[PDB]
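**Q** Numbering (our numbering), first residue to last: 146 to 415.
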Ligand SMILES: CCCCCCCC/C=C\CCCCCCCC(=O)OC[C@H](O)CO
Ligand SMILES: CCCCCCCC/C=C\CCCCCCCC(=O)OC[C@H](O)CO
Ligand SMILES: *C/C=C(C)/C=C/C=C(C)/C=C/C1=C(C)CCCC1(C)C
Ligand code: NA
């Protein structure tokens, strides 16, 4: 029984270890992750004047999301390099007992913080019609919290109890589904009473939102998407998962933010 090796990254690291490629690739993608958030932070701060007052809370929330994402993704990247160490004899990177072990906590904390802000921020750009701001907000914040919390519980069982992993994941997915349903309503109401240029941007926001948020349960499942014998149940799963999380992060935070900013501009003077 493999004592050292919590989560799938540790498990792989403690058994098969990571190739140079896999270790370096993962380091670099996580580094790109936080680098982009820092760039984003400066972007959202510096452009805030370019939208009308009434929209500025959206740019503000983007900036705050960028701060949290930069800090926690920076910590996650450091946690990656600290957790695995090169063995010359075998020529691979293994879980380092004198390190702290890989910890998904950083990313899940980032999600808990950012999910409510990302869902919230669209409400400061669009106008609802027949829905109440407070109802939509409360729905977003509750479902968002529950989605991440149940996900985080699931994640614990990733190695040790796949049944629990998947059941908690399914419960989490239910909250996710509900978020998608609410957000679709928000975008539809948001499209009413605005210019076609604005409607087009909102169509794109919907598509970006749907794809980028769905990447997360994708990445959660990733090591198992070819069965317990398959090619992804390996350092290849770890690489894929971290790549997909990073793409999702950039898309759901930065690209999302840029589209909302462009929507606010389109509404702002035009
Ligand atoms: C992203 C979340 C989407 C996930 C949605 C999936 C559907 C979940 C519902 C029922 C799962 C049924 C349980 C099947 C698990 C079988 C466990 C197994 O075969 O492996 C032995 C394990 O190690 C010892 O529990
Ligand atoms: C490869 C290294 C990783 C870097 C990854 C890039 C980070 C995101 C940056 C830009 C997103 C592009 C979004 C561009 C959207 C344009 C806005 C728009 O919709 O058009 C304006 C509107 O029509 C009238 O205001
Ligand atoms: C900036 C970070 C964001 C937008 C994170 C979003 C995270 C999710 C949408 C996570 C969803 C999950 C499921 C739907 C099932 C498996 C567990 C999660 C938490 C990964
Ligand atoms: Na290392």
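Cβ coordinates follow ideal geometry from the N, Cα and C atoms, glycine included.
At which residues does the beta strand (DSSP E) containing residue 230 begin and terminate?
**A** Note, residue 230: beta strand (DSSP E), 229-232.
**Q** DSSP has residue 240 in a bridge; who is on the other side?
**A** According to DSSP, which records beta bridges pairwise, residue 240 is partnered with 229.
**Q** The alpha helix (DSSP H) spanning residue 344 covers which residue range?
**A** Counting along the chain, the alpha helix (DSSP H) containing residue 344 begins and ends at 341-366.
**Q** Suppose you measure from the CA of residue 166 to the CA of residue 284; what does that come to, to the nearest Å?
**A** Looking at the two C-alpha atoms, the distance is approximately 43 Å.
**Q** Candidates 279, 243, 270 and 302: which alpha carbon is nearest residue 346's?
**A** Closest option to residue 346, Cα to Cα, is 270.
**Q** I want to check one thing, is the minimum distance from the CB of residue 247 to the heavy atoms of ligand 4 below 8 Å?
**A** Checking the Cβ of residue 247 against ligand 4 gives no.
**Q** Comparing the CB of residue 350 with every heavy atom of ligand 3, is any distance shorter than 8 Å?
**A** No; taking the cut-off as 8 Å, the Cβ of residue 350 has no heavy atom of ligand 3 nearer than that.
**Q** Quick check: what's the CA-CA separation for residue 228 versus residue 260?
**A** Distance between the alpha carbons of residue 228 and residue 260 is about 27 Å.
**Q** According to DSSP, simplified to helix, strand and coil, what is residue 278?
**A** It is helical.
**Q** Run the proximity test for residue 241: is its beta-carbon closer than 8 Å to any non-hydrogen atom belonging to ligand 4?
**A** Result yes, Cβ under 8 Å from ligand 4.
**Q** Using DSSP bridges, identify the partner residues of residue 163.
**A** The partner list for residue 163 (beta bridge, DSSP) reads 238.
**Q** Considering just the uninterrupted stretch of the alpha helix (DSSP H) at residue 317, what are its terminal residues?
**A** Its alpha helix (DSSP H) spans residues 307-336.
**Q** Does the structure place the region 311-325 close enough to the region 354-372 that three or more beta carbon pairs sit under 8 Å?
**A** Judged by Cβ distances under 8 Å, the region 354-372 makes contact with the region 311-325, as three or more pairs qualify.
**Q** Are there three or more Cβ pairs, one per stretch, closer than 8 Å when the region 232-246 is compared with the region 275-294?
**A** Too few Cβ pairs lie closer than 8 Å, so no.
**Q** Under 8 Å: does the beta carbon of residue 227 sit that close to some heavy atom of ligand 4?
**A** Answer for residue 227: yes, Cβ within range of ligand 4.
**Q** Have a look at residue 374 and residue 366 and give me their C-alpha separation to the nearest angstrom.
**A** Those two C-alpha atoms are separated by around 14 Å.
**Q** Mind reading off the beta-carbon distance from residue 213 to residue 405? Whole number of angstroms is fine, and I expect it under 8 Å.
**A** Not confirmed; about 17 Å, so no contact.
**Q** Residue 271 by DSSP, collapsed to three states: which one?
**A** Correct three-state label for residue 271: coil.
**Q** Closest by CA to residue 148, which one among 304, 343 and 334?
**A** Of 304, 343 and 334, the residue nearest in Cα terms is 304.
**Q** Between the region 333-342 and the region 301-320, do three or more beta carbon pairs fall short of 8 Å?
**A** Touching, no.
**Q** Mind checking which residues open and close the alpha helix (DSSP H) that includes residue 387?
**A** That run of the alpha helix (DSSP H) goes 380-394.
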